[PDB]
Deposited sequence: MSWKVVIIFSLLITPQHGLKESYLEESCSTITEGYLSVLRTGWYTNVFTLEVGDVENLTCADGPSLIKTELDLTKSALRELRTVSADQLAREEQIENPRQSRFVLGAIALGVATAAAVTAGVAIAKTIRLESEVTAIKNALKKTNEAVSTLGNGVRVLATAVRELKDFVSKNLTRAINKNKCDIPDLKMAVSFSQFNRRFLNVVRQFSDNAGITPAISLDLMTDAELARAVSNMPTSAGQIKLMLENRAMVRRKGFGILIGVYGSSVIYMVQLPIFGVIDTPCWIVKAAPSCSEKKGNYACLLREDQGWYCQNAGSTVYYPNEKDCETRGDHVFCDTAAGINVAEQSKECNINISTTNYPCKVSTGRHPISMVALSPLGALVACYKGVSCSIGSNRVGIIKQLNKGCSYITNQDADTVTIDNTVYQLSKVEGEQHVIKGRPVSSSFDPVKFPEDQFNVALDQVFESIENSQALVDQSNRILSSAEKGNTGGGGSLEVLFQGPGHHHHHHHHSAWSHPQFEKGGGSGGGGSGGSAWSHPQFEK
């Protein structure tokens, strides 16, 4: 990273960051098979299997009601997701997805809209119910001497119960993708199937947490014993393009006593989203992972190419650079990725110091740029900032 100090505007541009920008959404439809648990009955009273089977049936009914509510209610991210979900809810699409996964647990499906989604099947609970539990419950007796059966029921219905709980606690649209909606291996498989080049897929597989964080899930519905839902994952199609951070402080001069202060109002993150310069005002909109900067394409603001020139000549006429003016100098510290801007004016004693030897140097009045190699701490009166 290279941090350049602009004396004209008492600012800093830090450059060298490599971008990672979202360019779309990939839909992974999931079909979780529960089996014919609603044709099983335990009439022998309290048992572990009975409690587990009651939890399972109650969950299936709760998810049916939640889907009813969601569909009675649904009559940019969640907008597109709900659109593609209404597309999938068509009977043709549901049958086509359940047939595509007739002999495989993963397939590439194509909807009527041309949308290319990934269909996945979670068949563990159906397999347990049809190939084991149904034979164990003979003549409506579930207080059997096989405790491994109850343990297995718990193990194989944990995920179904968790999915139902998360979709019911959020009315059909979860804000986050849990490990029960989509595991880590399923997430990697979804990433590998995204419509983007190899480099983006490699970068995203190496940063799966960032992908999961920006994703959500939408319940499609309960079709028989099959709970169908969908996970929308971010597709980062633009990578390794320039990003830079601008940080500023009040630049004040004096003329015959009258002060003139200027402060850049364009501070924040900037990234070259493929021919469009995008500005993120709040630094919480971007996160730094090593050399890469993940910025949320939402909350971004397109700015003209000419705005960049504010870092070369703040007084340019080719663009109205965003600045604020004043006549009352304010002393301030603006920490930059590799240092700090220090505006020191009358009535303030500013200094730079170290963690081992203490104060290094009193700063002169004006705007100074301190590097994290020159000092470890900056001080304005009694306020102390620690540099990176």
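> What stretches of this chain's deposited sequence are missing C-alpha coordinates?
No coordinates exist for the deposited residues in 1-18, 94-115, 429-542, so these stretches are absent from the model.
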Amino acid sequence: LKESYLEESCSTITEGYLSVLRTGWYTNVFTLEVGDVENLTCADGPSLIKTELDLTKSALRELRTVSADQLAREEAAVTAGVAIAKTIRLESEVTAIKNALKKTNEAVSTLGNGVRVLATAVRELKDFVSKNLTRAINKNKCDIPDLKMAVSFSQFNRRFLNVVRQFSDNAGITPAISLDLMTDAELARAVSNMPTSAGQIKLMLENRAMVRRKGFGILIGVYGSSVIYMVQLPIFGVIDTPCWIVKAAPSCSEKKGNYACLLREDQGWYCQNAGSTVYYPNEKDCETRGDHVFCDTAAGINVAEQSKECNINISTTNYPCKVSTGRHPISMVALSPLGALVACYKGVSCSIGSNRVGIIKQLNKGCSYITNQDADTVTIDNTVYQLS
From here on, numbers count along this sequence of modelled residues.
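> Mean Cα B factor from the PDB record: higher for 138-146, or higher for 166-174?
The recorded data point to 138-146.
> Which has higher Cα B-factors on average according to the PDB entry: 190-198 or 95-103?
Of 190-198 and 95-103, the stretch with the higher C-alpha B-factor average is 95-103.
> Maximum C-alpha temperature factor per the entry, among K214, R289, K86, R158, belongs to which one?
The record points to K86.
> Compare the CA B factors listed in the entry for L71, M182, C261, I314 and report the winner.
So the option with the highest C-alpha B-factor is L71.
> Compared with the other modelled residues in the chain, in which third is the CA B-factor of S152?
CA B-factor rank for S152: middle third.
> Going by the CA temperature factor in the PDB record, which third of the chain does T12 belong to: lowest, middle or highest?
Answer is lowest: the recorded C-alpha B-factor places it there.
> Would you check the entry's CA temperature factor for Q232 and let me know if it's in the chain's lowest, middle or highest third?
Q232: CA B-factor falls in the middle third of its chain.
> What third of the chain, by the recorded C-alpha B-factor, contains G257?
It falls in the top third of the chain.
> In terms of the CA temperature factor given in the entry, to which third of its chain does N372 belong: lowest, middle or highest?
For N372, the deposited C-alpha B-factor lands in the highest third.
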